[PDB]
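Note sheet for the following structure.
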Amino acid sequence: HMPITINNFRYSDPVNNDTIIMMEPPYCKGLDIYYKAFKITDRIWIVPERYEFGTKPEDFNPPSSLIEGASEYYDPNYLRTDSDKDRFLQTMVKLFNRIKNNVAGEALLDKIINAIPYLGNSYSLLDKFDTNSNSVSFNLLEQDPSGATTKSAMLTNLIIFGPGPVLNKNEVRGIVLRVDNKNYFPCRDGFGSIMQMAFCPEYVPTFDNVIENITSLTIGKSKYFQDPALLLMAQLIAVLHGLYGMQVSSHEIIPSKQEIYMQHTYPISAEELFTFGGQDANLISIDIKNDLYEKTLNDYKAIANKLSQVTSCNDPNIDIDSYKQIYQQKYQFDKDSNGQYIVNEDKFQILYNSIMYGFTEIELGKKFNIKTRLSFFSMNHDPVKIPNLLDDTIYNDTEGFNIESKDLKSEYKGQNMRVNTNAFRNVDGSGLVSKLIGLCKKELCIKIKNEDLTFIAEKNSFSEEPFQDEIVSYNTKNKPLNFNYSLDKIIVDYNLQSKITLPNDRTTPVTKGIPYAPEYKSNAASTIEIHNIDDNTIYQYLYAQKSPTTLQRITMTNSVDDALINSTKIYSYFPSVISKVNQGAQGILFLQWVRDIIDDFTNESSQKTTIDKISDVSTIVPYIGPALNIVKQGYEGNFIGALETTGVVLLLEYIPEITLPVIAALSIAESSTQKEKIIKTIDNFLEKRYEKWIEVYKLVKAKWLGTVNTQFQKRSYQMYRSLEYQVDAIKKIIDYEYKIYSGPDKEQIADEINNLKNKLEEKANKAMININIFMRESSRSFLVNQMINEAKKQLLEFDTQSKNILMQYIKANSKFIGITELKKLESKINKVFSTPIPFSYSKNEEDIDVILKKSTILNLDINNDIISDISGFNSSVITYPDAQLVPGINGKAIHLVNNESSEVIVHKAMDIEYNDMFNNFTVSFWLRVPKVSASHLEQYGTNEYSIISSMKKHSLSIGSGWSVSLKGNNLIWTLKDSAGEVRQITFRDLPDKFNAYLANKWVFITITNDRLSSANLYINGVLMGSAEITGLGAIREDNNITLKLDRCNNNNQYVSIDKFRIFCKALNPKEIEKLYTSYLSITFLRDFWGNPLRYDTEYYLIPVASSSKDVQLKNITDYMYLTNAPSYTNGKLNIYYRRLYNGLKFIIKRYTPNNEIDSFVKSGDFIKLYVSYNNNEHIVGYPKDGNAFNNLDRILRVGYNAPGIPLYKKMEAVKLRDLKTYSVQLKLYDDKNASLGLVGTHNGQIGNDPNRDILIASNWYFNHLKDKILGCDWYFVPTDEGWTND
Ligand SMILES: [Cl-]
Ligand code: NA
Ligand code: NA
Ligand code: NA
């Protein structure tokens, strides 16, 4: 890949007419106003001027107040001098270097460079490329050494200016055109335009980690400043959307103004939420995302027609067909037969999603190791200045602030304001303006920042479209139910794309049109909002907790008013803490007093409870009530009682309407009498019905995010501020009392007093963990119970009505369908409508282990005899009555028999999608199938039956998806696209059933899928099968993943499945190897089948190094030896194997009874080994001075019974080698605990006996534990129903 060039320059560098020009900006078109401009890279210009278009000079002065939004820094003198301009320029170069220095950043820039605006728009002649517009070109003025000045023009993508009036609020806008006295944006209907950014690198926003999950290193909270490179990248994402003509301007989230506690902001564009990414993207309901997608599809279709029937350009020196090739590439159009450009919907979906959803602030932060806010509604604090971005000791172009050599990389410490105090300065107070609200009590007025208020979305933010009638026919198109795109996929795509060399930018001067700059929308206010309240609010309660700045003895009071009035009194709600801190001189009991404070704080702050009536909330912190003045009438002393009788809704200031209007039943308008069209219409209908459940669930979730979750988030913040106040006050009291303390031990105790203050903070941090859990669980619980309950109510009724409509249509068309088809329809439809769609509460590069963990989107585990998804995505798992449990790899596994009740169904969570849009994916699981008898191979060898399937369940057919199937001794992987085309791996198992993978042994399956190459089947980490899958279309699989024997004609067939798991990428051999090994442990020893090894269980012994041999006994008291096992061969069926269950049976017993009551044999357990013979157990050991080949290989004896002769029989069952084999080693000790060696064999001849491999113990093996093949490795084989000798 060709590196992206970033140009270098000083502001004072002479114009060169290449990288440094005199530009006439778009909104100065034809006015002859020029500014020095600098080409940072292809298609991107920097103009180090304040963005003044549409403003007046007073706009640049700090106002007294703001109308709305977060705090704003004004500075009219910013970016005025040449040295300022140079500093700006040098900073922007550095930021562009930072961005390109990471492949994710490189991908973003590459995408922006090549997304050239279309040479025309909706109001062009539609047959001719038009460069004569300020939407696509800017004029420049070029001076010759001779003295001639020519005015020409350049096409560009992006012009970046310095900031407007507000430094700390960056903006991106497209060029507007005035047509028919109306504002038209080509960047909004497919074409794109020049995009203009106003940007400031040095005045950055701040945020905190208050509501974030805990880490394993830190539990305390901090404020962070943002990295300007990420701020820039966030703006570039908006630019990208504009270039693709996909700027949103329709469905905004409008803040309610109903109440005084509600946050004032400009409406939030849907596009801002998409740019930010993560869970907040779901604030836009799926029906709206669909409306936006449909709009852009239409826009792109219209652009395909325009580009096809283009004839010429206003500029004759442009190459129309060369521009026609960038555009084909840009819009991912295909060519017709006639050479017309057409939309391929598959390609559109990939392109659209990648642009709207692909790059996000959250994703980019992770790639760059830059800390971002976790929530779009997370707390913003005052902005700060970064004065020294150009100093590599503070900020460099590979690591930003988070520099590894300063130990600032770990946990974004370089952005942490507690730590990196060198990197930032507080802004000048005279430049900082806020939206303040005064609260006056009837003459104390407190000032609340707009930031401290709660965002509540107004009802008109939310769609009602899912409630409206929906018409189903055969022509009915399936809508996408997921609109997302991984940055991971973009990067992969990028690395697989070749360079695109743009044509010349230069064009003819812009002469047409008027340079209408939209008027600045001033946030200046000359008033502050002021309210009188009767009763104390949350804000009085918080403010009452604030300590004075001036050093004095502080006391605590349980009275808010008392604290509001007195500057030395702090409101508290920890009565024991209060009692203790209010105490006077302790004299010599001072240290114990400080200890006592810490103890009381610990007990009081750690209070937690549960209420049965709120059964899915694990942690209730009772003191929230008195801390924030959350009180219910009649329960003034009883918050827990209040919560018990109200539910979590008690915690909400704004109580939303949660009941929902009726959902119109689906309707059918289909006249066709063709059977194929009727069935299609039914299939369409069933899908549409599913889509309704999803749409409504998503709408409710959107409303919850914008009206409910915001409040619970605020409660978290409020409680954090309260606890912070409490800790601060206590610290000040301890500090004050320590100061005036006189005692002989003052100096000596200084450390402990400091440790105790630290412990205070720790306990407060732990309380905050509880509070965060409380609010998260209360929020989820309100969504999942109260809100989604109402949805279900209406959806159940929708289902009933919709079922009637469908049954009507089938009855009316019954003569065209047929009685056999009609019976299937009936039972199918009854099944479908007798099961609701569940609601999922999804969660949504260190090393390989991390990569395996992060790319897992489903993971079935069994706990407490229950199968569930442990991935975090929270897919619902339904276990049917005859799904059975057996021993697994780690705990228990799933056992499926050939009946209808033997079934496990996974309903994938709402937001997971691992194999659409041609996404790469891997599926893995442990599998155990019985050795198929010769008889069943004859009867059923050609009967292909699935065991796992995602394949879409239509009314009368099975559609797109994947399946695992078996057919005799073949394991089959099938991919099916939405056209019915398939790709398959057929793995033919080994004929030697002792070594075979489908013969009663736990084996690890891994199937990777690379949509641009092939599907690969691995067993035990080894590649076994491959199929090219290139050319296969889109996979649109069922929501359900079904584990079940499907179409199996053998009533006795069964399978076991463990650790079923899906990854959202194609794993590479190293990853699979690591995945495979990660399941293998030495702790529990294994039998031959892969099950845990057990005491008091009969096992046949087989040596690994000689697996065709059985162990035999010469006689009681005597030695053991190897002989060939009887064998089975079947040429017809191409199967053979050494027969099992012949030869000596052994039993393992604990050497001495211990405090374990399970019967699992663990590695390192002391054992006695016995032979079961003549319905007796005979101990295996070595007699003292017994025969031993060359005095080293001790010959083992069975039931040796010679009086006065010590018999050594203490063994250790151990896993010392070969983790991938289900084999065991046995170590024998003498009575002085000296090793007599590992149990193996030695070739020899005793007396008249034939030459034999004789069982021994020998220390020789201990020098060979890394060898590939060792005679000390033993299989333990118990009789098993899965293996019967033929
Ligand atoms: Cl002997
Ligand atoms: Na600057
Ligand atoms: Na995303
Ligand atoms: Na006070």
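By order in the structure tokens, chains are A, B, ...; within a chain, residues start at 1; ligands start at 1, following the order shown.
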Requested in this report: Determine which residues of range 944-1089 of chain A receive a DSSP assignment of strand (DSSP E or B), computed from the backbone, and state them as a PyMOL selection string.
Outcome: chain A and resi 945-949+953+958+961-967+970-976+982-988+992+1003-1009+1014-1019+1022-1028+1040-1046+1054-1063+1084+1086
Taking only C-alpha atoms and all ligand atoms into account, produce a table as a tab-separated table in which each residue of chain A with an atom at most 10 Å from an atom of ligand 4 appears once, together with its shortest atom pair and the distance in Å to one decimal, ordered by chain and rising number.
```
residue	atom	partner	partner_atom_place_in_ligand_line	distance
A:543	CA	ligand 4	1 (Na)	8.0
A:544	CA	ligand 4	1 (Na)	5.5
A:545	CA	ligand 4	1 (Na)	6.7
A:546	CA	ligand 4	1 (Na)	6.4
A:547	CA	ligand 4	1 (Na)	6.4
A:548	CA	ligand 4	1 (Na)	7.4
A:554	CA	ligand 4	1 (Na)	8.8
A:555	CA	ligand 4	1 (Na)	9.0
A:556	CA	ligand 4	1 (Na)	8.8
A:557	CA	ligand 4	1 (Na)	9.2
A:560	CA	ligand 4	1 (Na)	8.5
A:561	CA	ligand 4	1 (Na)	8.7
A:562	CA	ligand 4	1 (Na)	7.3
A:563	CA	ligand 4	1 (Na)	3.9
A:564	CA	ligand 4	1 (Na)	4.9
A:565	CA	ligand 4	1 (Na)	6.1
A:566	CA	ligand 4	1 (Na)	4.6
A:567	CA	ligand 4	1 (Na)	4.0
A:568	CA	ligand 4	1 (Na)	5.4
A:569	CA	ligand 4	1 (Na)	4.3
A:570	CA	ligand 4	1 (Na)	4.9
A:571	CA	ligand 4	1 (Na)	7.1
```
Query raised in the report: Between A:211, A:303, A:678, A:20, which has the minimum distance to residue 7 in chain A (counting only C-alpha atoms)?
Result: A:20
Between chain A and ligand 1, at 8 Å or less, what are the per-residue closest atom pairs and their distances in Å? Count only C-alpha atoms and all ligand atoms, order by chain and rising residue number, and return it as a tab-separated table.
```
residue	atom	partner	partner_atom_place_in_ligand_line	distance
A:1183	CA	ligand 1	1 (Cl)	7.8
A:1185	CA	ligand 1	1 (Cl)	7.4
A:1186	CA	ligand 1	1 (Cl)	4.7
A:1187	CA	ligand 1	1 (Cl)	5.2
```
Output the selection as an mmCIF file, in the first residue's frame - N, CA, C and O atoms for each residue.
```cif
data_model
loop_
_atom_site.group_PDB
_atom_site.id
_atom_site.type_symbol
_atom_site.label_atom_id
_atom_site.label_comp_id
_atom_site.auth_asym_id
_atom_site.auth_seq_id
_atom_site.Cartn_x
_atom_site.Cartn_y
_atom_site.Cartn_z
ATOM 1 N N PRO A 1183 7.337 -56.266 44.590
ATOM 2 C CA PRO A 1183 7.834 -56.825 45.847
ATOM 3 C C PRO A 1183 9.288 -56.420 46.071
ATOM 4 O O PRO A 1183 10.037 -56.222 45.115
ATOM 5 N N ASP A 1185 12.992 -56.521 46.395
ATOM 6 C CA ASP A 1185 14.021 -57.355 45.787
ATOM 7 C C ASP A 1185 13.441 -58.271 44.708
ATOM 8 O O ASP A 1185 14.039 -59.296 44.381
ATOM 9 N N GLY A 1186 12.294 -57.885 44.134
ATOM 10 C CA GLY A 1186 11.701 -58.632 43.034
ATOM 11 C C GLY A 1186 12.533 -58.499 41.761
ATOM 12 O O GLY A 1186 13.300 -57.549 41.628
ATOM 13 N N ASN A 1187 12.373 -59.462 40.843
ATOM 14 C CA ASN A 1187 13.068 -59.471 39.563
ATOM 15 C C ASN A 1187 12.899 -58.121 38.872
ATOM 16 O O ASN A 1187 11.799 -57.564 38.870
#
```
If you take only C-alpha atoms and all ligand atoms and a cut-off of 9 Å, which residues of chain A touch ligand 2, and what are their nearest atom pairs and distances in Å to one decimal, in chain and number order, as a Markdown table?
```
| residue | atom | partner | partner_atom_place_in_ligand_line | distance |
| --- | --- | --- | --- | --- |
| A:48 | CA | ligand 2 | 1 (Na) | 8.9 |
| A:78 | CA | ligand 2 | 1 (Na) | 7.9 |
| A:79 | CA | ligand 2 | 1 (Na) | 6.6 |
| A:83 | CA | ligand 2 | 1 (Na) | 9.0 |
| A:84 | CA | ligand 2 | 1 (Na) | 5.8 |
| A:85 | CA | ligand 2 | 1 (Na) | 6.7 |
| A:86 | CA | ligand 2 | 1 (Na) | 7.6 |
| A:87 | CA | ligand 2 | 1 (Na) | 4.8 |
| A:88 | CA | ligand 2 | 1 (Na) | 3.6 |
| A:89 | CA | ligand 2 | 1 (Na) | 7.3 |
| A:90 | CA | ligand 2 | 1 (Na) | 8.2 |
| A:91 | CA | ligand 2 | 1 (Na) | 6.6 |
| A:92 | CA | ligand 2 | 1 (Na) | 8.5 |
| A:162 | CA | ligand 2 | 1 (Na) | 8.6 |
| A:200 | CA | ligand 2 | 1 (Na) | 7.1 |
| A:201 | CA | ligand 2 | 1 (Na) | 6.5 |
| A:202 | CA | ligand 2 | 1 (Na) | 6.3 |
| A:387 | CA | ligand 2 | 1 (Na) | 8.5 |
```
Writing out the chosen residues with N, CA and C atoms as a JSON list (two decimals), in the first residue's frame:
```
[["chain", "number", "residue", "atom", "x", "y", "z"],
["A", 48, "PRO", "N", -5.67, 28.44, 7.93],
["A", 48, "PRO", "CA", -5.51, 28.87, 9.31],
["A", 48, "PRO", "C", -6.15, 30.24, 9.57],
["A", 78, "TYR", "N", -7.82, 34.46, 19.36],
["A", 78, "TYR", "CA", -7.27, 33.19, 18.95],
["A", 78, "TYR", "C", -7.12, 33.14, 17.43],
["A", 79, "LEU", "N", -5.92, 32.74, 16.99],
["A", 79, "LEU", "CA", -5.59, 32.47, 15.59],
["A", 79, "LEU", "C", -5.60, 33.76, 14.77],
["A", 83, "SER", "N", 2.34, 33.90, 13.91],
["A", 83, "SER", "CA", 2.92, 32.88, 14.76],
["A", 83, "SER", "C", 1.83, 31.93, 15.27],
["A", 84, "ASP", "N", 0.63, 32.47, 15.53],
["A", 84, "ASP", "CA", -0.52, 31.66, 15.92],
["A", 84, "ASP", "C", -0.91, 30.74, 14.77],
["A", 85, "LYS", "N", -0.91, 31.28, 13.55],
["A", 85, "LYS", "CA", -1.31, 30.54, 12.36],
["A", 85, "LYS", "C", -0.34, 29.39, 12.11],
["A", 86, "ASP", "N", 0.96, 29.68, 12.27],
["A", 86, "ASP", "CA", 2.01, 28.68, 12.14],
["A", 86, "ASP", "C", 1.81, 27.57, 13.18],
["A", 87, "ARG", "N", 1.55, 27.96, 14.43],
["A", 87, "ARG", "CA", 1.39, 26.97, 15.49],
["A", 87, "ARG", "C", 0.21, 26.05, 15.17],
["A", 88, "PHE", "N", -0.89, 26.64, 14.69],
["A", 88, "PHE", "CA", -2.08, 25.93, 14.26],
["A", 88, "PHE", "C", -1.72, 24.95, 13.14],
["A", 89, "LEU", "N", -1.00, 25.46, 12.14],
["A", 89, "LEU", "CA", -0.60, 24.67, 10.99],
["A", 89, "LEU", "C", 0.26, 23.48, 11.42],
["A", 90, "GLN", "N", 1.27, 23.74, 12.27],
["A", 90, "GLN", "CA", 2.18, 22.70, 12.71],
["A", 90, "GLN", "C", 1.44, 21.64, 13.54],
["A", 91, "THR", "N", 0.42, 22.07, 14.29],
["A", 91, "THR", "CA", -0.36, 21.16, 15.11],
["A", 91, "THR", "C", -1.19, 20.24, 14.22],
["A", 92, "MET", "N", -1.80, 20.81, 13.17],
["A", 92, "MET", "CA", -2.68, 20.07, 12.28],
["A", 92, "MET", "C", -1.88, 19.03, 11.49],
["A", 162, "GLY", "N", -9.83, 27.14, 11.12],
["A", 162, "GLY", "CA", -9.84, 27.29, 12.57],
["A", 162, "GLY", "C", -11.27, 27.43, 13.08],
["A", 200, "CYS", "N", -10.43, 23.36, 16.29],
["A", 200, "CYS", "CA", -9.44, 23.87, 17.23],
["A", 200, "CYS", "C", -8.75, 22.69, 17.91],
["A", 201, "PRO", "N", -7.40, 22.58, 17.82],
["A", 201, "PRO", "CA", -6.69, 21.45, 18.41],
["A", 201, "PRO", "C", -6.39, 21.53, 19.91],
["A", 202, "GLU", "N", -6.34, 22.75, 20.47],
["A", 202, "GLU", "CA", -5.74, 22.95, 21.78],
["A", 202, "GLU", "C", -6.78, 23.10, 22.91],
["A", 387, "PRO", "N", -1.46, 23.46, 26.02],
["A", 387, "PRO", "CA", -0.55, 24.46, 25.46],
["A", 387, "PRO", "C", 0.65, 23.93, 24.66]]
```
With a cut-off of 10 Å, could you pull out the residues of chain A touching ligand 3 and give me the nearest pair of atoms for each, distance in Å to one decimal, using only C-alpha atoms and all ligand atoms, ordered by chain and ascending number, as CSV?
```
residue,atom,partner,partner_atom_place_in_ligand_line,distance
A:274,CA,ligand 3,1 (Na),8.0
A:275,CA,ligand 3,1 (Na),8.9
A:276,CA,ligand 3,1 (Na),8.8
A:277,CA,ligand 3,1 (Na),5.4
A:278,CA,ligand 3,1 (Na),5.8
A:279,CA,ligand 3,1 (Na),8.7
A:281,CA,ligand 3,1 (Na),8.3
A:353,CA,ligand 3,1 (Na),9.5
A:354,CA,ligand 3,1 (Na),9.3
A:356,CA,ligand 3,1 (Na),9.5
A:357,CA,ligand 3,1 (Na),5.7
A:358,CA,ligand 3,1 (Na),6.1
A:359,CA,ligand 3,1 (Na),7.2
A:360,CA,ligand 3,1 (Na),6.4
A:361,CA,ligand 3,1 (Na),9.3
A:362,CA,ligand 3,1 (Na),8.2
A:363,CA,ligand 3,1 (Na),7.1
A:483,CA,ligand 3,1 (Na),8.8
A:484,CA,ligand 3,1 (Na),5.5
A:485,CA,ligand 3,1 (Na),5.4
A:486,CA,ligand 3,1 (Na),5.5
A:487,CA,ligand 3,1 (Na),7.2
A:488,CA,ligand 3,1 (Na),9.8
A:844,CA,ligand 3,1 (Na),9.3
```
Filtering to C-alpha atoms, could you give me those residues as a PDB file, in the first residue's frame?
```
ATOM      1  CA  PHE A 274     -23.885   6.969  14.576  1.00  0.00           C
ATOM      2  CA  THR A 275     -20.516   8.782  14.568  1.00  0.00           C
ATOM      3  CA  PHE A 276     -20.067   8.202  18.323  1.00  0.00           C
ATOM      4  CA  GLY A 277     -21.068   4.529  18.076  1.00  0.00           C
ATOM      5  CA  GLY A 278     -21.863   1.834  20.641  1.00  0.00           C
ATOM      6  CA  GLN A 279     -25.166   1.476  22.474  1.00  0.00           C
ATOM      7  CA  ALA A 281     -26.675   4.307  18.220  1.00  0.00           C
ATOM      8  CA  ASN A 353     -23.310   0.390   6.457  1.00  0.00           C
ATOM      9  CA  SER A 354     -19.531   0.878   6.199  1.00  0.00           C
ATOM     10  CA  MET A 356     -22.818   5.365   8.191  1.00  0.00           C
ATOM     11  CA  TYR A 357     -21.743   2.911  10.898  1.00  0.00           C
ATOM     12  CA  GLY A 358     -18.205   1.727  10.017  1.00  0.00           C
ATOM     13  CA  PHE A 359     -15.992   4.383  11.626  1.00  0.00           C
ATOM     14  CA  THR A 360     -17.008   5.440  15.146  1.00  0.00           C
ATOM     15  CA  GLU A 361     -15.363   7.527  17.878  1.00  0.00           C
ATOM     16  CA  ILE A 362     -15.529   4.586  20.311  1.00  0.00           C
ATOM     17  CA  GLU A 363     -13.930   2.121  17.881  1.00  0.00           C
ATOM     18  CA  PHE A 483     -27.387  -1.631  10.601  1.00  0.00           C
ATOM     19  CA  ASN A 484     -23.804  -1.923  11.780  1.00  0.00           C
ATOM     20  CA  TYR A 485     -20.255  -2.300  10.494  1.00  0.00           C
ATOM     21  CA  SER A 486     -17.063  -3.263  12.320  1.00  0.00           C
ATOM     22  CA  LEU A 487     -13.987  -1.054  12.053  1.00  0.00           C
ATOM     23  CA  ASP A 488     -12.168  -4.411  12.010  1.00  0.00           C
ATOM     24  CA  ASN A 844     -22.467  -5.373  22.838  1.00  0.00           C
TER      25      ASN A 844
END
```
Dump as a tab-separated table the rows for residues of range 166-282 of chain A within 12 Å of range 652-665 of chain A: closest atom pair and distance in Å with one decimal, only C-alpha atoms counted, ordered by chain and rising residue number.
```
residue	atom	partner	partner_atom	distance
A:256	CA	A:654	CA	10.6
A:257	CA	A:654	CA	11.8
A:258	CA	A:654	CA	9.7
A:259	CA	A:654	CA	8.7
A:260	CA	A:653	CA	11.0
A:261	CA	A:653	CA	8.6
A:262	CA	A:654	CA	9.2
```
I need the residues from that last selection saved to file as a PDB file, in the first residue's frame (with N, CA and C atoms), if you can.
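And here's out-v3.pdb as it stands now:
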```pdb
ATOM      1  N   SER A 256     -36.867  17.362  25.737  1.00  0.00           N
ATOM      2  CA  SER A 256     -38.072  17.897  26.349  1.00  0.00           C
ATOM      3  C   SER A 256     -37.737  19.167  27.129  1.00  0.00           C
ATOM      4  N   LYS A 257     -38.679  20.119  27.121  1.00  0.00           N
ATOM      5  CA  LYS A 257     -38.591  21.368  27.866  1.00  0.00           C
ATOM      6  C   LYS A 257     -39.685  21.408  28.934  1.00  0.00           C
ATOM      7  N   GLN A 258     -40.289  20.248  29.211  1.00  0.00           N
ATOM      8  CA  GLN A 258     -41.475  20.164  30.049  1.00  0.00           C
ATOM      9  C   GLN A 258     -41.168  20.617  31.480  1.00  0.00           C
ATOM     10  N   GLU A 259     -39.976  20.272  31.985  1.00  0.00           N
ATOM     11  CA  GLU A 259     -39.651  20.515  33.383  1.00  0.00           C
ATOM     12  C   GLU A 259     -38.294  21.209  33.500  1.00  0.00           C
ATOM     13  N   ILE A 260     -38.045  21.795  34.676  1.00  0.00           N
ATOM     14  CA  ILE A 260     -36.922  22.686  34.930  1.00  0.00           C
ATOM     15  C   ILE A 260     -35.636  21.878  35.097  1.00  0.00           C
ATOM     16  N   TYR A 261     -35.773  20.606  35.486  1.00  0.00           N
ATOM     17  CA  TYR A 261     -34.625  19.745  35.737  1.00  0.00           C
ATOM     18  C   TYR A 261     -34.108  19.146  34.424  1.00  0.00           C
ATOM     19  N   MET A 262     -34.760  19.482  33.302  1.00  0.00           N
ATOM     20  CA  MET A 262     -34.429  18.889  32.015  1.00  0.00           C
ATOM     21  C   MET A 262     -33.372  19.725  31.294  1.00  0.00           C
TER      22      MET A 262
END
```
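Here CA of residue 858 in chain A stands at a distance of 28.5 Å from CA of residue 345 in chain A.
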Query raised in the report: Which residues, written as an NGL selection string, have at least one atom at most 12 Å from residue 1023 in chain A, with only C-alpha atoms counted and residues fewer than 2 positions away on the same chain left out?
Result: :A and (985 or 987 or 1004-1008 or 1015-1021 or 1025-1027 or 1068-1070 or 1072-1073)
Would you output that residue set with N, CA, C and O atoms, as a short mmCIF file (atom, residue, chain, number, x, y, z; two decimals), in the first residue's frame?
```cif
data_model
loop_
_atom_site.label_atom_id
_atom_site.label_comp_id
_atom_site.auth_asym_id
_atom_site.auth_seq_id
_atom_site.Cartn_x
_atom_site.Cartn_y
_atom_site.Cartn_z
N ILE A 985 -18.12 -28.67 2.77
CA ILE A 985 -17.00 -29.54 3.12
C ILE A 985 -17.58 -30.90 3.51
O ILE A 985 -18.42 -30.99 4.40
N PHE A 987 -16.06 -34.20 5.10
CA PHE A 987 -14.93 -34.88 5.72
C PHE A 987 -15.26 -36.36 5.88
O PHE A 987 -16.20 -36.71 6.60
N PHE A 1004 -12.48 -31.92 19.07
CA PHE A 1004 -12.73 -30.49 18.97
C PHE A 1004 -12.86 -30.07 17.51
O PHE A 1004 -11.91 -30.18 16.74
N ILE A 1005 -14.05 -29.56 17.15
CA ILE A 1005 -14.34 -29.11 15.79
C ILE A 1005 -14.14 -27.60 15.69
O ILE A 1005 -14.55 -26.85 16.58
N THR A 1006 -13.53 -27.16 14.59
CA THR A 1006 -13.47 -25.75 14.28
C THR A 1006 -13.69 -25.58 12.78
O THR A 1006 -13.00 -26.20 11.97
N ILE A 1007 -14.69 -24.76 12.43
CA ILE A 1007 -14.94 -24.45 11.03
C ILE A 1007 -14.88 -22.93 10.84
O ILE A 1007 -15.72 -22.20 11.37
N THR A 1008 -13.87 -22.48 10.08
CA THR A 1008 -13.66 -21.08 9.77
C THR A 1008 -14.25 -20.80 8.39
O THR A 1008 -14.29 -21.69 7.55
N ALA A 1015 -13.85 -22.19 3.17
CA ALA A 1015 -14.29 -22.69 4.49
C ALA A 1015 -13.33 -23.83 4.84
O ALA A 1015 -13.08 -24.67 3.96
N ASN A 1016 -12.79 -23.85 6.06
CA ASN A 1016 -11.85 -24.87 6.48
C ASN A 1016 -12.37 -25.57 7.74
O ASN A 1016 -12.79 -24.91 8.69
N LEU A 1017 -12.33 -26.91 7.72
CA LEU A 1017 -12.70 -27.73 8.87
C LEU A 1017 -11.43 -28.23 9.56
O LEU A 1017 -10.60 -28.88 8.94
N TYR A 1018 -11.32 -27.92 10.86
CA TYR A 1018 -10.26 -28.42 11.71
C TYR A 1018 -10.85 -29.36 12.76
O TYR A 1018 -11.92 -29.10 13.30
N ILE A 1019 -10.13 -30.45 13.02
CA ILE A 1019 -10.40 -31.28 14.18
C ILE A 1019 -9.13 -31.32 15.02
O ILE A 1019 -8.05 -31.57 14.50
N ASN A 1020 -9.29 -31.04 16.32
CA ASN A 1020 -8.17 -31.02 17.26
C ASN A 1020 -7.05 -30.13 16.71
O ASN A 1020 -5.88 -30.46 16.84
N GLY A 1021 -7.44 -29.02 16.08
CA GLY A 1021 -6.51 -27.99 15.63
C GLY A 1021 -5.82 -28.32 14.30
O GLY A 1021 -5.02 -27.53 13.82
N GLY A 1025 -10.19 -30.54 6.07
CA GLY A 1025 -11.13 -30.34 4.98
C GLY A 1025 -11.23 -28.87 4.57
O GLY A 1025 -11.13 -27.98 5.41
N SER A 1026 -11.42 -28.65 3.27
CA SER A 1026 -11.42 -27.32 2.69
C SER A 1026 -12.35 -27.28 1.49
O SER A 1026 -12.43 -28.24 0.72
N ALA A 1027 -13.07 -26.17 1.35
CA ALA A 1027 -13.87 -25.91 0.16
C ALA A 1027 -13.81 -24.43 -0.17
O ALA A 1027 -13.96 -23.59 0.71
N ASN A 1068 -7.36 -17.93 12.37
CA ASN A 1068 -6.17 -18.43 11.70
C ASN A 1068 -5.63 -19.63 12.48
O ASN A 1068 -5.91 -19.76 13.68
N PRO A 1069 -4.85 -20.55 11.84
CA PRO A 1069 -4.33 -21.74 12.51
C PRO A 1069 -3.77 -21.58 13.92
O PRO A 1069 -3.96 -22.45 14.77
N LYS A 1070 -3.08 -20.45 14.17
CA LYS A 1070 -2.49 -20.19 15.47
C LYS A 1070 -3.59 -19.98 16.50
O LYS A 1070 -3.52 -20.50 17.61
N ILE A 1072 -6.73 -21.05 16.36
CA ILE A 1072 -7.44 -22.31 16.52
C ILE A 1072 -6.64 -23.22 17.46
O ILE A 1072 -7.21 -23.84 18.35
N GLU A 1073 -5.33 -23.28 17.23
CA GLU A 1073 -4.43 -24.07 18.05
C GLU A 1073 -4.57 -23.65 19.51
O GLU A 1073 -4.72 -24.49 20.39
#
```
Query raised in the report: If you run DSSP on the backbone, which residues of range 312-489 of chain A are alpha helix (DSSP H), as a ChimeraX atom specification?
Result: /A:320-331,345-353,361-368,487-489
